[PDB]
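The first residue of the sequence shown is numbered 1, and numbering continues consecutively from there. Counting starts at 1 for both ligands and their atoms, following the listed order. Only this structure's heavy atoms are used, side chains among them; waters, hydrogens and symmetry mates stay out.
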Amino acid sequence: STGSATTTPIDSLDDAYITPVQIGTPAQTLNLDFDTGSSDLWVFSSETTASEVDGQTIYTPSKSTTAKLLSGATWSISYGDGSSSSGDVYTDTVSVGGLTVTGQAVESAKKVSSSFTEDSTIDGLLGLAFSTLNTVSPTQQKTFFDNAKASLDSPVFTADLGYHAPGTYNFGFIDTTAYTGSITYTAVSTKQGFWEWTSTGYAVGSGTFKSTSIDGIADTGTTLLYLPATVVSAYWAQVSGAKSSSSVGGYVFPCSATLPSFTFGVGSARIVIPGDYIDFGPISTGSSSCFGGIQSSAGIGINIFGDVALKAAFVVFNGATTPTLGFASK
Ligand SMILES: NCc1ccc(C(F)(F)F)cc1
Ligand SMILES: NCc1ccc(C(F)(F)F)cc1
């Protein structure tokens, strides 16, 4: 079987992407943030503290005839940005773009951090990293992808994120009309539970390509591109007036500047991020200082190929017994 669903940016800056997901019987449709950097499927629900819900669509397990409470199970997650949520666990039927999994663990939020409350457009997360990172206790639960794997035509999913535009998540098949050229595959390490891979280098604008190994994770759940301080310094040095701002928390640049492109290596192939993708707009309304889409990973501890990088490519998440990542231009 296969599934295919349209994913849509939540605002004019592509801060995140939401994808409709059908949960329960009869279907309750929630718009979830597909996150290859985490492994929990959790949703705003009728159990969420009422003051922490502000416009989100909630899952109501009592109205689903297929929902079953998972006795004694709880969950608690903290994300790298300081966000967190926690609650109890149901199992229920979950469908993505026609692809149905029965008995999927649906984690019901009882408490969420303020960053989720203030994001009215995101009803939850759908984790797509490896199941070893799932936070359900005492019995760890499998991701949607892991549960669907056996029934998929091919054990893959693909991410085709749009620049200021809708895109597609496909499960079980590779749409050969969605990219140009060939797909270049590269090795994945699962030792930390992430889709972790090694980029072969980078170039700034039309500059010389620098061969250098950059270990990082492919994370649809993170907005920006987080790279080592040396790389990020070389990029912003080519932008007149750009500087690292402690009060803002990263590199900013005069909004009148034109940004150079950024190239990253995948084996012998090259993925080019257009400079316009790196502009995240004024730091505050009316400001002439703009926030950069490439930032240092030094404070984070890991390099992150977030949406800024992934939306420049067609990305194959190959969940075969030896997993690989595929990148193609589009
Ligand atoms: N998108 C989920 C996520 C959040 C944080 C991290 C970090 F910062 F720990 F690497 C990775 C993945
Ligand atoms: N990386 C996972 C993640 C995704 C979205 C959010 C936000 F923005 F909704 F709070 C936080 C963390």
Side-chain angles (χ1 to χ4, degrees), residues 7-19 21 30-44 48 52-58 75-87 107 109 111-135 143-145 157 159 161 169 188-190 192-199 214-229 232 249-250 280-281 291 293-311 315 317 325:
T7 189
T8 304
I10 64 161
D11 58 25
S12 52
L13 297 172
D14 298 347
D15 277 317
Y17 297 82
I18 47 171
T19 309
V21 176
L30 271 71
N31 296 327
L32 306 190
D33 184 355
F34 282 24
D35 180 10
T36 61
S38 70
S39 305
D40 287 49
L41 197 176
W42 74 258
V43 294
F44 279 83
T48 310
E52 287 164 16
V53 171
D54 187 14
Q56 289 89 0
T57 292
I58 65 173
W75 63 279
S76 186
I77 202 165
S78 289
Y79 299 97
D81 71 313
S83 298
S84 72
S85 48
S86 70
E107 310 174 24
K111 212 206 199 293
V112 307
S113 50
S114 64
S115 64
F116 295 114
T117 297
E118 313 202 317
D119 263 318
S120 276
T121 61
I122 297 172
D123 304 323
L125 266 68
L126 195 137
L128 292 168
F130 293 92
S131 294
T132 60
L133 294 180
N134 177 266
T135 77
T143 70
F144 177 82
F145 182 51
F157 68 90
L161 306 175
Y169 278 108
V188 163
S189 167
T190 63
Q192 303 192 81
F194 297 121
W195 291 92
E196 188 176 359
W197 63 290
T198 305
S199 174
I214 301 163
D215 185 288
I217 62 156
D219 185 3
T220 64
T222 292
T223 310
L224 308 181
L225 179 49
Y226 292 95
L227 288 175
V232 177
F280 274 75
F291 195 69
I294 293 173
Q295 298 295 341
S296 174
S297 64
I300 291 154
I302 181 177
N303 297 310
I304 304 174
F305 290 86
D307 295 338
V308 161
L310 300 180
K311 77 173 119 171
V315 189
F317 294 80
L325 266 183

> What atoms of ligand 2 come closer than 4.0 angstrom to any heavy atom of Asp119?
Replying inline: 7 (C), 8 (F), 9 (F), 10 (F)
> For ligand 2, which atoms, with element, lie under 4.0 Å from some heavy atom of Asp35?
Replying inline: 2 (C)
> In terms of atom number and element, which parts of ligand 2 are under 4.0 angstrom from non-hydrogen atoms of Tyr79?
Replying inline: 2 (C)
> Counting heavy atoms only, which of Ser85, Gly306, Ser115 is nearest atom 10 (F) of ligand 2?
Replying inline: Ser115
> Got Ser84 and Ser78 here, is their nearest side-chain heavy-atom distance under 4.5 Å?
Replying inline: yes
> Going by the order shown, which atoms of ligand 2 are within less than 4.0 Å of some heavy atom of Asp33?
Replying inline: 4 (C), 5 (C)
> Below 3.5 angstrom, do we get any N/O pair linking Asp219 and ligand 1?
Replying inline: yes
> Does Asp54 reach the side chain of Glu118, with side-chain heavy atoms less than 4.5 Å apart?
Replying inline: no
>> Quick check: closest heavy atoms across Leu133 and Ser39, and the distance to 0.1 Å?
In response: CB-OG, 3.5 Å
>> Quick one about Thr7 and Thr19 (side-chain donor to acceptor, distance below 3.5 Å, no hydrogens or angles considered), yes or no?
In response: yes
> Of the protein's non-hydrogen atoms, which lies at the shortest distance from atom 9 (F) of ligand 1, and what is that distance?
Replying inline: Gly80 CA, 4.3 Å
>> Suppose I only count heavy atoms of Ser83 and a 4.0 Å limit; which atoms of ligand 2 are within that range?
In response: 10 (F), 11 (C)
> Against heavy atoms of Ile300, which atoms of ligand 1 measure under 4.0 Å?
Replying inline: 8 (F)
> Do the side chains of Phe305 and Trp197 get nearer than 4.5 Å, heavy atoms only?
Replying inline: yes
> Will you find, in the side chains of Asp40 and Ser38, an N or O donor that is under 3.5 Å from an N or O acceptor?
Replying inline: no
> Quick one: which ligand 1 atoms are inside 4.0 Å of a heavy atom on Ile302?
Replying inline: 10 (F)
> Among protein heavy atoms, which sits nearest to atom 12 (C) of ligand 2, and what does the distance come to when rounded to 0.1 Å?
Replying inline: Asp81 OD1, 3.6 Å
>> I'd like to check which ligand 2 atoms, numbered from 1 as shown, lie under 4.0 Å from a non-hydrogen atom of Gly221.
In response: 1 (N), 2 (C), 3 (C), 4 (C)
> Are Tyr17 and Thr8 side-chain neighbours, meaning at least one heavy-atom pair lies under 4.5 Å?
Replying inline: no
> What is the nearest protein non-hydrogen atom to atom 11 (C) of ligand 1, stated with its residue, atom name and distance?
Replying inline: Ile217 CD1, 3.8 Å
>> With heavy-atom distances below 4.5 Å as the criterion, would you say the side chains of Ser115 and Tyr79 are in contact?
In response: no
>> Are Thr220 and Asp307 packed together at the side-chain level, in the sense that at least one heavy-atom pair is separated by less than 4.5 angstrom?
In response: yes
>> I need the nearest protein heavy-atom contact for atom 6 (C) of ligand 2: residue, atom name and distance, please.
In response: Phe116 CE2, 3.8 Å
